[PDB]
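Asker: In this text, residue positions in the sequence shown follow the authors' numbering: the first is 1, and each later residue adds one.
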Amino acid sequence: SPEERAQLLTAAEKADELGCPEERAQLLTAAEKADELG
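#1: Roughly how many angstroms lie between the CA atoms of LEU37 and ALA30, to the nearest whole one?
#2: Should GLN26 be listed as close to the ligand GDP, given that the test is whether its C-beta is under 6 Å from any heavy atom?
#3: Is the separation between the beta-carbon of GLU23 and that of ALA15 shorter than 7 Å?
#4: Going straight from the alpha carbon of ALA12 to that of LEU27, what length do you get?
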């Protein structure tokens, strides 16, 4: 899912940049999960 991947992947990057440990775990996995969903 490209649309969701773009939203989730950028969120994952922001989570890293914002330094949120709790959020990054969910966001990083979501970024890759959205890609898995295509």
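Heads up, the beta-carbon is just placed ideally off N, CA and C, and yes, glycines get one too.
Answerer: Reading it off the structure:
#1: Within the sequence shown, numbered from 1, the residue matching residue 37 stands at position 37. Within the sequence shown, numbered from 1, the residue matching residue 30 stands at position 30. Whole-angstrom Cα-Cα distance: 10 Å.
#2: The ligand GDP is not among the ligands present in this structure, which contains no ligands whatsoever.
#3: As a working note, residue 23 is residue 23 in the sequence shown. As a working note, residue 15 is residue 15 in the sequence shown. Contact: yes.
#4: By one-based count along the sequence shown, residue 12 stands at place 12. By one-based count along the sequence shown, residue 27 stands at place 27. Approximately 5 Å, taken between the alpha carbons.
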